[PDB]
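Working notes, beginning with the structure itself.
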Amino acid sequence: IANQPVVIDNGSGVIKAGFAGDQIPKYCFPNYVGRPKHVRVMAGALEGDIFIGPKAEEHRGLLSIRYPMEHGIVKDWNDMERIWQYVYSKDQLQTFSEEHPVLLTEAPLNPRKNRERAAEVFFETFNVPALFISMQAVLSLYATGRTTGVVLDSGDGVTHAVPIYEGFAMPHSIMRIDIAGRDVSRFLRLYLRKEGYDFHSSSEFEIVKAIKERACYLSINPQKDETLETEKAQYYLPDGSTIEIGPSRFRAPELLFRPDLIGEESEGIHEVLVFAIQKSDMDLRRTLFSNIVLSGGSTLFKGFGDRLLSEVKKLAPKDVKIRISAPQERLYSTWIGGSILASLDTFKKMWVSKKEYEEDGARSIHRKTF
Amino acid sequence: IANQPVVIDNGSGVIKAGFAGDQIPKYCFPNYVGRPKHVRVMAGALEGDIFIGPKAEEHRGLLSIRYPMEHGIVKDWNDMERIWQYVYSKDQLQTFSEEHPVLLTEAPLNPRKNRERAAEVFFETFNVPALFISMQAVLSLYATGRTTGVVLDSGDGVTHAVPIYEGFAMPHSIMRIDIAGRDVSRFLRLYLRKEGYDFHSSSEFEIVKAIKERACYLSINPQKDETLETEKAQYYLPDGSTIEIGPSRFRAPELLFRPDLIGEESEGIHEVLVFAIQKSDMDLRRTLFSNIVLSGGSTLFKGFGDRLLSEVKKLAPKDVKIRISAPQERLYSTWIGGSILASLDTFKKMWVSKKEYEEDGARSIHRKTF
Amino acid sequence: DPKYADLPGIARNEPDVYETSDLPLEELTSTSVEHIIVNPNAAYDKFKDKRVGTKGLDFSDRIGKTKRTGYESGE
Amino acid sequence: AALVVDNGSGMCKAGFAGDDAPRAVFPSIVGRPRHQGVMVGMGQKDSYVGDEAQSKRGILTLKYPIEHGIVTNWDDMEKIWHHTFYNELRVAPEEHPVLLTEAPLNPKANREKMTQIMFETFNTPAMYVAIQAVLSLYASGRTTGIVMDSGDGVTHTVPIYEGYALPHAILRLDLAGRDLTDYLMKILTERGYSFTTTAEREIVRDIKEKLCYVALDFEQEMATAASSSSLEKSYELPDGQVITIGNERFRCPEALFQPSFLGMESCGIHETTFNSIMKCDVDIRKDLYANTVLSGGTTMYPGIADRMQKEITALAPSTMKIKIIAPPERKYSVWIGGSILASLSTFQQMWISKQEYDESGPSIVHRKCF
Ligand SMILES: Nc1ncnc2c1ncn2[C@@H]1O[C@H](COP(=O)(O)OP(=O)(O)OP(=O)(O)O)[C@@H](O)[C@H]1O
Ligand SMILES: Nc1ncnc2c1ncn2[C@@H]1O[C@H](COP(=O)(O)OP(=O)(O)O)[C@@H](O)[C@H]1O
Ligand SMILES: Nc1ncnc2c1ncn2[C@@H]1O[C@H](COP(=O)(O)OP(=O)(O)O)[C@@H](O)[C@H]1O
């Protein structure tokens, strides 16, 4: 088709949208629906009961935030419909959905009902020519330009590791855990209350996410840094008031490596990676350990690469070469992969047409996705 | 009816009337009923037993002043009906109340019985086409011509702080305290008796309000001005006699900013402004500090803005921009807002018709308020 | 200006505005991780002439007729 | 021989270990007088405490030292504990070891500074801090089950199964008795009866405790309140003046079940109790539904148990049986638990000694808390 296909990386924290061929996503805005909690009395105030993306970011204090998708599962579909509608609206790409085909990027081992409804909305509500659902990991490999690699994609909603050797991805060796960036922000809020600073409000929870991104380092030794008296590093809030974070700075992001802290019986991010490699056949283990690709925004933590390389080495066999490779644009790596896949002529065969979807139904989407 | 709407400010001290077309209120007279002090049995005395506004000001010493409205609430309704009847007299406006529609300006968080009875009078006694009760704070922003802004409206009866952001008023963040201009006039009378000048009479209370309005300056440091020997500036009374006010001049209006001194359990004018901003969401705090608007007559005190800026800064967070944007027409700001609001075609939808009140019920006035 | 000159109770020789004085990645530079530069133009060229065989494709959890491998071959 | 001293935000319940009910129950307040520069009469105490301040409310400014289960002013709390041991209980703190109560998920500085005072100021032989919720179960002779201990300061939901607590399932909500008391003032001011001062707020709490009751169907109750004047009850103030609160009776306690009224943008006391059970393990949920306890004096509202059952049952599955445990002594449920705990010979070992405090420091409390 002559019209370029639109890449939409439906991420839990940030949804990144743009046209195929573009080197970077032009229009990336936070994934939440902002509704005004205070009453409108005056004439000329902000119009509409729905605020999405940059308008919501500016007038955040006025609005009550509500995330539509949690742990890579769309909880409220009405809200998910409004954000996808906003992508096609005048503020972002500003084109008709009927003329451009779509590339949606869901997480691996998500419920089948999610993929079915995602297709139903994108074919019925928007009359799109073609939709292809793809895994986040498979795209991240196209971006770096490498056929062999395990992709540890620590997103806002979900953290998953997919071992992919010479194009083929091993579906039984896929490891997924719900504990991710948003649970670290939730666990940080709990520890900030213990320190004696309350952030009850949905708008105030976005300030806790800002504190996490700015000031939180992963210590190389957890038990060592716990005992030592820490320098109480002050952070300036939007209003102006100063908070001393203290021990909560380094204890919060450790959740990713130890899910026992929040109290979930799951594998740590370090355990996820090695289990994914160890589950793969004996021959490929050495090549997968050598080729590790970090992805997602939750890998950008200070001393993540240093800690992971320490933790993987202990669990992994002795005298094995462990090289962890980070693309400079970790956050946008998933989308860039989508753009490269979309630009290829092979993508035309991969698509599910409207007529193809209309005839078979839900089955056609499940058949052609991985 | 298309004929021009009549704005009327319900100010405890001074009620301001006029048409919506006028840039300023043509007719503004004191809100008190004047009856003869000596109980008149004989002829050749003050006839009618009713003197309102300019007629009262002429024969002031002979009459006995009784304010119908106290702390933004109507105590004597029979008196208030006569006052509103004098608004539709030959003296002021000189028109039929049955022809022109009306806009009232009731203070925020008033009793619901006050609003219901106010409507009943204006619909039954006067045969009004339509009535609309509005908040004094919301109007003040229309006059200045900004959507965002906190409105510290210090009236004669009540001083209230309402934070409104981008045409959205947070109803929980509203703060109301009864210590207003009238209390400052009462406390000045006490200090004037401590200087040795009694103003026992209700007529003699009016000249204490004149003394206050003429000569009372708010010192930046109150303790330094007390130690410093005063000039004792002479004020001239109606009879011609001189009074040296001295230290009573500056330590009278201080009771606004520190009401614990006399022994009144209240927050204070500097405190209610800051508390109203701090009660609102963290994201908006900076913009609400950056947009403060002074309204009413009890902000016109000499060096009020100078003191408030200093008293707000120490309570507010460090390195935050605090702009207290006072208009030149603070006393008449509330009315000008209504005059602009009334002129708009949107107002046609907002007001409640006479037939609507008969059919819908009592709630009609309350539900359409916002 | 002439509007406010008409009214009696107006602020004269007072400042309108009372205001305060106007006051004027750590992980992406780590040794452990190897920093790769993403060039999509270079990447696009490497995969340009690579095709996939969508004939007889079925990734779904369908048991019938042994194991399946989606995307058979190119050209 | 040991002392149990509940440090509730509303009321401080203190007594000897083993006794059925607490000996001395007084309101936790410090009364400082609204003093002028005029000399004061004889029999003058610089700062009044508890039942004394409750007698002399008129003049004294009532300042609650604990706000949302956090000790804001420690100098005030010290004066309450001094009134507790020396005056109220008539016992030396050096002789008897003292058990205190802290709410769950409080700031760490609160527990730290609390024990520091008990060890240094009062020179207590042993000091153990306990979670209010953990004690409240002992009252009913139940090891298994969740509790909804709603106090004046805070409300918290602590699920404990077979004498083992789930820390991560614990949820804290800042909505409590004092917020309802503050809410009741606003809606009473809307009716006509204005209550502003700290002394007046105490009278509104007496109105709340006696009249206010939880409605089964709020919308149905509002319909009956509008039509008939059957729900309208009269209350006599300290002054001869009587007031008829009307529909505002059952409107106040509704705020518990829907915080939207208060404007907190949080889950209700019914919904948080459900959410806490869902956060727990799937197997143990059965017993938590079967053993839902209500503790504190904010669960002594007439017919809260009936409304609680209805709301939980709707959210919970149909097959499950939901039984709410409402013992007659809910107000003294925290203390009576403490009395049972302190008396047990097993608890003798769990006490933190002076020797243990001296060597380690105040940080030892965090290890031996729960
Ligand atoms: N019978 C009642 N009905 C309704 N509300 C009540 C009743 N009794 C007390 N209250 C309210 O609930 C609060 C109960 O406080 P309580 O005596 O339980 O102490 P507390 O400070 O909450 O202690 P804790 O947090 O340990 O339970 C009171 O402050 C009051 O506002
Ligand atoms: N500099 C940073 N340091 C730490 N965490 C970060 C940083 N920037 C973003 N994050 C986290 O990563 C999230 C972004 O996830 P993202 O990679 O966009 O999701 P997805 O891969 O599912 O599309 C943010 O919401 C935040 O929690
Ligand atoms: N120039 C002035 N200087 C000082 N105080 C003034 C001045 N003008 C008015 N006041 C005080 O403010 C009062 C007027 O309040 P007003 O603004 O009319 O209230 P409202 O907004 O309720 O109509 C007067 O009664 C007087 O106490």
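Here, A, B, ... name the chains of the structure tokens in the order displayed, residue numbers run from 1 inside each chain, and ligands are numbered from 1 in the same displayed order.
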- request: Could you report the residues within 6 Å of ligand 1, using only C-alpha atoms and all ligand atoms, as number ranges by chain?
  value: D: 6, 8-11, 151-153, 177-178, 205, 209, 296-298, 300-301, 331, 334
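Least-squares superposition of chain B onto chain A, taking every C-alpha atom paired in order, leaves an RMSD of 1.2 Å.
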Coordinates-based distance that separates atom CA of residue 206 of chain A from atom 25 (O, counted along the ligand's line) of ligand 2 (Å, one decimal): 9.3 Å
message: I'd like the neighbourhood of residue 281 of chain D as a count of residues only, where a residue qualifies if any of its atoms comes within 10 Å (using only C-alpha atoms), though same-chain residues fewer than 6 positions away should be ignored.
response: 3
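Those residues that approach residue 14 of chain C to within 9 Å, counting only C-alpha atoms, are residues 302, 303 and 328 of chain B; same-chain residues fewer than 4 positions away are not listed.
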message: I'd like the contact shell of residue 223 of chain A - 12 Å cut-off, only C-alpha atoms, skipping same-chain residues fewer than 4 positions apart - returned as a PyMOL selection string.
response: chain A and resi 219+227-228+250-251+254
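The closest residue to chain A, picked from D:77, D:267, D:91, D:131 and counting only C-alpha atoms, is D:267.
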message: Using only C-alpha atoms, which protein or nucleic acid residues come within 6 Å of segment 276-284 of chain B? Drop anything in the same chain fewer than 2 positions from it, and give the result as a PyMOL selection string.
response: (chain A and resi 61+238-239) or (chain B and resi 173+272-274+286-287)
Could those selected residues go to a file with C-alpha atoms, as a JSON list (two decimals), in the first residue's frame?
[["chain", "number", "residue", "atom", "x", "y", "z"],
["A", 61, "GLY", "CA", -2.88, 18.86, 39.43],
["A", 238, "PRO", "CA", 6.90, 20.73, 42.08],
["A", 239, "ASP", "CA", 5.49, 23.09, 44.82],
["B", 173, "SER", "CA", -9.81, 24.04, 49.18],
["B", 272, "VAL", "CA", -6.08, 31.41, 54.89],
["B", 273, "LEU", "CA", -4.37, 32.38, 51.54],
["B", 274, "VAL", "CA", -1.41, 29.92, 52.08],
["B", 286, "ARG", "CA", 3.31, 26.82, 42.14],
["B", 287, "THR", "CA", 0.82, 28.35, 39.58]]
Protein and nucleic acid residues within 9 Å of ligand 3 (only C-alpha atoms and all ligand atoms) as a PyMOL selection string: (chain B and resi 9-16+30+72+105-107+136+153-159+180-185+209-210+212-217+295-302+330-335) or (chain C and resi 8-11)
Wanna dump the chain C-ligand 2 contacts at 10 Å for me, each residue with its shortest atom pair and the distance in Å to one decimal, counting only C-alpha atoms and all ligand atoms, ordered by chain and number, as CSV?
residue,atom,partner,partner_atom_place_in_ligand_line,distance
C:25,CA,ligand 2,1 (N),6.8
C:26,CA,ligand 2,1 (N),8.7
C:27,CA,ligand 2,1 (N),8.4
C:28,CA,ligand 2,1 (N),9.4
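For chain C, the residues having at least one atom no farther than 9 Å from chain B, when counting only C-alpha atoms, are residues 3, 4, 6, 7, 9, 10, 11, 12, 14, 15, 16, 17, 18, 19, 20, 21, 22 and 23 of chain C.
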Atoms kept (C-alpha atoms) for selection, written as a PDB file, in the first residue's frame:
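Dumped to result_0.pdb:
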ATOM      1  CA  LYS C   3     -13.194  55.032  34.529  1.00  0.00           C
ATOM      2  CA  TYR C   4     -11.498  54.646  37.989  1.00  0.00           C
ATOM      3  CA  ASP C   6     -14.932  58.700  38.481  1.00  0.00           C
ATOM      4  CA  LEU C   7     -15.330  56.255  41.475  1.00  0.00           C
ATOM      5  CA  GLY C   9     -13.104  54.368  46.866  1.00  0.00           C
ATOM      6  CA  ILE C  10     -10.121  53.660  44.509  1.00  0.00           C
ATOM      7  CA  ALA C  11      -6.361  53.028  45.173  1.00  0.00           C
ATOM      8  CA  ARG C  12      -4.299  56.151  44.136  1.00  0.00           C
ATOM      9  CA  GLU C  14      -0.201  52.513  45.027  1.00  0.00           C
ATOM     10  CA  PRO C  15       1.738  49.756  43.149  1.00  0.00           C
ATOM     11  CA  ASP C  16      -0.625  47.389  41.187  1.00  0.00           C
ATOM     12  CA  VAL C  17       1.634  44.250  41.594  1.00  0.00           C
ATOM     13  CA  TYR C  18       3.384  43.160  44.866  1.00  0.00           C
ATOM     14  CA  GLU C  19       5.884  40.427  43.723  1.00  0.00           C
ATOM     15  CA  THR C  20       9.132  38.686  44.911  1.00  0.00           C
ATOM     16  CA  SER C  21      12.594  39.242  43.267  1.00  0.00           C
ATOM     17  CA  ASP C  22      12.878  37.148  40.024  1.00  0.00           C
ATOM     18  CA  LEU C  23      15.365  34.298  40.869  1.00  0.00           C
TER      19      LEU C  23
END
- prompt: Please, which residues of chain A lie no more than 12 Å from chain D when the count uses only C-alpha atoms, and can they be set out as JSON, numbers by chain?
  reply: {"A": [35, 36, 37, 38, 39, 63, 64, 65, 66, 186, 187, 189, 190, 191, 192, 193, 194, 195, 196, 197, 198, 199, 200, 201, 202, 203, 204, 227, 247, 248, 259, 260, 261, 262, 263, 264, 265]}
What would the file look like if the residues just selected were written as a compact mmCIF listing (two decimals), in the first residue's frame with N, CA and C atoms?
# COMPACT_ATOMS: atom_id res chain seq x y z
N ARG A 35 -9.16 12.82 33.96
CA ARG A 35 -10.51 13.42 34.14
C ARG A 35 -10.44 14.47 35.25
N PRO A 36 -11.14 15.63 35.11
CA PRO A 36 -11.10 16.67 36.14
C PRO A 36 -11.90 16.28 37.39
N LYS A 37 -11.24 16.27 38.55
CA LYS A 37 -11.84 15.87 39.86
C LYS A 37 -12.52 17.08 40.51
N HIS A 38 -11.97 18.29 40.34
CA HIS A 38 -12.58 19.56 40.84
C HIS A 38 -13.74 19.97 39.92
N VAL A 39 -14.64 20.82 40.43
CA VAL A 39 -15.88 21.28 39.71
C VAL A 39 -15.51 22.49 38.83
N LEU A 63 -6.43 17.29 37.27
CA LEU A 63 -7.00 16.00 36.80
C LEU A 63 -6.72 14.88 37.81
N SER A 64 -7.56 13.83 37.78
CA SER A 64 -7.37 12.53 38.48
C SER A 64 -6.91 11.48 37.47
N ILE A 65 -5.70 10.95 37.65
CA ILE A 65 -5.02 10.04 36.68
C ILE A 65 -5.65 8.65 36.83
N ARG A 66 -5.77 7.91 35.72
CA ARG A 66 -6.32 6.52 35.69
C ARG A 66 -5.70 5.74 34.53
N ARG A 186 5.22 2.06 43.08
CA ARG A 186 4.21 1.71 44.12
C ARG A 186 4.93 1.35 45.43
N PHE A 187 6.03 0.59 45.34
CA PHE A 187 6.87 0.17 46.49
C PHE A 187 7.65 1.37 47.04
N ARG A 189 6.51 4.58 46.95
CA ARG A 189 5.44 5.35 47.64
C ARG A 189 5.26 4.83 49.08
N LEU A 190 5.25 3.50 49.25
CA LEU A 190 5.10 2.81 50.56
C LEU A 190 6.25 3.21 51.49
N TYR A 191 7.49 3.21 50.99
CA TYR A 191 8.71 3.55 51.76
C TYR A 191 8.78 5.06 52.01
N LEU A 192 8.25 5.89 51.11
CA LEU A 192 8.18 7.37 51.31
C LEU A 192 7.22 7.70 52.46
N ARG A 193 6.15 6.90 52.63
CA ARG A 193 5.20 7.03 53.77
C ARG A 193 5.90 6.64 55.08
N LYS A 194 6.77 5.62 55.05
CA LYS A 194 7.58 5.18 56.21
C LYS A 194 8.58 6.28 56.60
N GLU A 195 9.15 6.99 55.61
CA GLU A 195 10.08 8.13 55.82
C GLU A 195 9.30 9.34 56.38
N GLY A 196 8.02 9.46 56.03
CA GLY A 196 7.08 10.47 56.58
C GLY A 196 6.73 11.55 55.57
N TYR A 197 6.52 11.18 54.30
CA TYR A 197 6.01 12.05 53.22
C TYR A 197 4.91 11.28 52.47
N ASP A 198 3.66 11.76 52.54
CA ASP A 198 2.46 11.07 52.01
C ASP A 198 2.17 11.56 50.58
N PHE A 199 1.86 10.64 49.67
CA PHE A 199 1.49 10.90 48.25
C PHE A 199 0.26 10.04 47.89
N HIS A 200 -0.85 10.26 48.60
CA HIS A 200 -2.12 9.50 48.47
C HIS A 200 -2.76 9.72 47.09
N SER A 201 -2.77 10.96 46.60
CA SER A 201 -3.48 11.40 45.36
C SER A 201 -2.89 10.70 44.12
N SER A 202 -3.74 10.45 43.12
CA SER A 202 -3.39 9.83 41.82
C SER A 202 -2.42 10.73 41.04
N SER A 203 -2.60 12.05 41.14
CA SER A 203 -1.69 13.08 40.56
C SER A 203 -0.34 13.05 41.28
N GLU A 204 -0.35 12.89 42.61
CA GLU A 204 0.87 12.85 43.46
C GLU A 204 1.67 11.56 43.20
N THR A 227 23.48 -1.61 55.88
CA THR A 227 24.12 -1.34 57.19
C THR A 227 24.71 0.08 57.23
N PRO A 247 17.30 6.13 52.85
CA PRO A 247 17.53 4.72 52.51
C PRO A 247 16.60 4.18 51.41
N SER A 248 15.39 4.74 51.29
CA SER A 248 14.33 4.36 50.32
C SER A 248 14.82 4.51 48.87
N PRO A 259 11.71 -10.02 44.34
CA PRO A 259 10.26 -9.85 44.47
C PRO A 259 9.66 -10.24 45.84
N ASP A 260 10.46 -10.81 46.76
CA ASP A 260 10.02 -11.19 48.13
C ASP A 260 9.71 -9.93 48.97
N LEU A 261 10.31 -8.78 48.63
CA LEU A 261 10.18 -7.50 49.38
C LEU A 261 8.72 -7.03 49.38
N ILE A 262 8.10 -6.94 48.19
CA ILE A 262 6.65 -6.59 48.03
C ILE A 262 5.79 -7.75 48.54
N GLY A 263 6.30 -8.99 48.46
CA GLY A 263 5.67 -10.21 48.98
C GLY A 263 4.97 -11.01 47.89
N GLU A 264 5.56 -11.07 46.69
CA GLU A 264 5.11 -11.92 45.56
C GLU A 264 6.12 -13.06 45.37
N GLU A 265 5.64 -14.30 45.34
CA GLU A 265 6.46 -15.52 45.13
C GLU A 265 6.71 -15.70 43.63
Excluding segment 74-86 of chain B and any residue of its chain fewer than 2 positions from it, enumerate the residues within 10 Å of it, using only C-alpha atoms, and give them as a CSV table (one decimal) with N, CA, C and O atoms, in the first residue's frame.
chain,number,residue,atom,x,y,z
B,8,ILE,N,-26.3,43.2,41.0
B,8,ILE,CA,-26.3,43.8,42.4
B,8,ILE,C,-25.4,43.0,43.3
B,8,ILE,O,-25.7,41.8,43.4
B,10,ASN,N,-24.2,41.9,46.8
B,10,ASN,CA,-24.7,41.8,48.2
B,10,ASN,C,-23.5,41.9,49.2
B,10,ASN,O,-23.1,40.9,49.8
B,12,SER,N,-21.9,43.1,52.6
B,12,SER,CA,-22.3,43.4,54.0
B,12,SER,C,-22.2,44.9,54.3
B,12,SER,O,-23.2,45.4,54.9
B,15,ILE,N,-23.4,47.7,49.3
B,15,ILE,CA,-24.1,47.0,48.2
B,15,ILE,C,-23.9,47.9,46.9
B,15,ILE,O,-24.2,49.1,47.0
B,17,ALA,N,-24.9,48.4,43.0
B,17,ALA,CA,-26.0,48.1,41.9
B,17,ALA,C,-25.6,48.8,40.6
B,17,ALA,O,-24.5,49.5,40.6
B,30,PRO,N,-24.1,52.8,51.1
B,30,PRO,CA,-24.0,51.9,52.3
B,30,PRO,C,-25.2,51.0,52.5
B,30,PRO,O,-26.3,51.4,52.4
B,31,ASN,N,-24.9,49.7,52.9
B,31,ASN,CA,-25.9,48.7,53.2
B,31,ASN,C,-26.3,48.8,54.7
B,31,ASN,O,-25.8,47.9,55.5
B,32,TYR,N,-27.1,49.8,55.1
B,32,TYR,CA,-27.7,49.9,56.4
B,32,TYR,C,-29.0,50.6,56.4
B,32,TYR,O,-29.2,51.5,55.5
B,33,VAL,N,-29.9,50.3,57.3
B,33,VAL,CA,-31.3,50.9,57.4
B,33,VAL,C,-31.1,52.0,58.5
B,33,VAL,O,-30.6,51.7,59.6
B,50,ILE,N,-37.7,55.4,57.9
B,50,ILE,CA,-36.8,54.7,56.9
B,50,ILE,C,-35.9,55.8,56.2
B,50,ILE,O,-36.5,56.6,55.5
B,51,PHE,N,-34.6,55.7,56.4
B,51,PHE,CA,-33.6,56.5,55.7
B,51,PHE,C,-32.5,55.6,55.2
B,51,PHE,O,-31.8,54.9,56.0
B,52,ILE,N,-32.3,55.5,53.9
B,52,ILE,CA,-31.3,54.5,53.2
B,52,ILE,C,-30.3,55.3,52.3
B,52,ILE,O,-30.8,56.2,51.6
B,53,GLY,N,-29.1,55.0,52.4
B,53,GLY,CA,-28.0,55.4,51.5
B,53,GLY,C,-27.7,56.9,51.7
B,53,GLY,O,-27.2,57.3,52.7
B,66,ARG,N,-28.6,50.4,61.7
B,66,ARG,CA,-28.7,48.9,62.0
B,66,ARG,C,-28.4,48.2,60.7
B,66,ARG,O,-29.2,48.2,59.7
B,67,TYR,N,-27.3,47.5,60.6
B,67,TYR,CA,-26.8,46.6,59.4
B,67,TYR,C,-27.7,45.4,59.3
B,67,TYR,O,-27.8,44.6,60.3
B,68,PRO,N,-28.4,45.2,58.2
B,68,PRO,CA,-29.3,44.0,58.0
B,68,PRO,C,-28.5,42.7,57.8
B,68,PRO,O,-29.1,41.6,58.1
B,69,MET,N,-27.3,42.7,57.3
B,69,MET,CA,-26.5,41.6,56.9
B,69,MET,C,-25.2,41.5,57.7
B,69,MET,O,-24.5,42.5,57.7
B,70,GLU,N,-25.0,40.4,58.4
B,70,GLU,CA,-23.8,40.2,59.3
B,70,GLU,C,-23.1,38.9,58.9
B,70,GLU,O,-23.8,37.8,58.8
B,71,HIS,N,-21.8,39.0,58.7
B,71,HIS,CA,-20.9,37.8,58.3
B,71,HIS,C,-21.4,37.1,57.1
B,71,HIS,O,-21.4,35.9,57.1
B,72,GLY,N,-21.8,37.9,56.0
B,72,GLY,CA,-22.2,37.4,54.7
B,72,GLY,C,-23.5,36.6,54.8
B,72,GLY,O,-23.8,35.8,53.9
B,88,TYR,N,-34.4,49.7,43.5
B,88,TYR,CA,-35.4,50.0,42.4
B,88,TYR,C,-36.2,51.2,42.8
B,88,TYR,O,-37.5,51.1,42.8
B,89,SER,N,-35.6,52.3,43.2
B,89,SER,CA,-36.3,53.6,43.6
B,89,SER,C,-36.0,54.7,42.5
B,89,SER,O,-35.3,54.4,41.6
B,90,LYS,N,-36.6,55.8,42.7
B,90,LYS,CA,-36.3,57.0,41.9
B,90,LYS,C,-34.9,57.5,42.1
B,90,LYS,O,-34.3,58.1,41.1
B,91,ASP,N,-34.3,57.3,43.3
B,91,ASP,CA,-33.0,57.8,43.7
B,91,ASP,C,-31.9,57.0,42.9
B,91,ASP,O,-31.1,57.7,42.3
B,92,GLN,N,-31.9,55.7,42.9
B,92,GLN,CA,-31.0,54.8,42.2
B,92,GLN,C,-31.7,54.0,41.1
B,92,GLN,O,-32.7,53.4,41.5
B,93,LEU,N,-31.1,53.9,39.9
B,93,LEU,CA,-31.6,53.1,38.7
B,93,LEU,C,-32.8,53.7,38.1
B,93,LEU,O,-32.8,54.0,36.9
B,94,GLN,N,-33.9,53.7,38.9
B,94,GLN,CA,-35.2,54.3,38.4
B,94,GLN,C,-35.8,53.5,37.3
B,94,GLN,O,-35.9,53.9,36.2
B,97,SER,N,-38.4,46.4,38.5
B,97,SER,CA,-37.7,45.1,38.8
B,97,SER,C,-38.3,44.0,38.0
B,97,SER,O,-37.6,43.0,37.7
B,111,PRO,N,-25.1,29.7,54.4
B,111,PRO,CA,-26.3,28.8,54.6
B,111,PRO,C,-27.2,28.7,53.4
B,111,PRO,O,-27.3,29.7,52.7
B,113,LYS,N,-30.4,28.1,53.4
B,113,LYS,CA,-31.6,28.9,53.7
B,113,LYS,C,-31.5,30.4,53.3
B,113,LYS,O,-32.5,31.0,52.9
B,114,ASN,N,-30.2,30.9,53.4
B,114,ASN,CA,-29.9,32.3,52.9
B,114,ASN,C,-30.2,32.5,51.4
B,114,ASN,O,-30.8,33.5,51.0
B,115,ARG,N,-29.7,31.5,50.6
B,115,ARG,CA,-29.9,31.5,49.2
B,115,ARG,C,-31.4,31.3,48.8
B,115,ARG,O,-31.8,32.0,47.9
B,117,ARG,N,-34.2,31.8,50.6
B,117,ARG,CA,-35.0,33.0,51.0
B,117,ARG,C,-34.7,34.2,50.1
B,117,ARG,O,-35.7,34.9,49.7
B,118,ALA,N,-33.5,34.4,49.7
B,118,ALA,CA,-33.0,35.5,48.8
B,118,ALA,C,-33.7,35.3,47.4
B,118,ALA,O,-34.2,36.4,46.9
B,121,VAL,N,-37.8,36.0,47.9
B,121,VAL,CA,-38.0,37.5,47.9
B,121,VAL,C,-38.0,38.0,46.5
B,121,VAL,O,-39.0,38.6,46.1
B,122,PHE,N,-36.9,37.8,45.7
B,122,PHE,CA,-36.7,38.4,44.4
B,122,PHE,C,-37.6,37.8,43.3
B,122,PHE,O,-37.8,38.5,42.3
B,125,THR,N,-41.8,39.0,45.9
B,125,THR,CA,-42.0,40.5,46.2
B,125,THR,C,-41.8,41.3,45.0
B,125,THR,O,-42.7,42.1,44.6
B,126,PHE,N,-40.6,41.2,44.4
B,126,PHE,CA,-40.3,41.7,43.0
B,126,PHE,C,-40.6,40.6,42.0
B,126,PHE,O,-40.3,39.4,42.3
- request: Enumerate, as number ranges by chain, the complete set of residues in segment 24-193 of chain D that a backbone-based DSSP assignment places in strand (DSSP E).
  value: D: 24-27, 30-33, 48-49, 60-63, 66-67, 70-71, 98-102, 126-131, 145-150, 155-161, 164-165, 171-173
- prompt: Quick one: DSSP alpha helix (DSSP H) residues in segment 160-294 of chain B, as a VMD selection string?
  reply: chain B and resid 181 to 195 202 to 214 222 to 227 248 to 251 254 to 257 269 to 279 282 to 290
task: Could you please select, counting only C-alpha atoms, the residues of chain B within 9 Å of chain A and state them as a ChimeraX atom specification?
output: /B:135,138-139,141-142,147-148,164-172,278,280-287,316-320,341,346,369-370
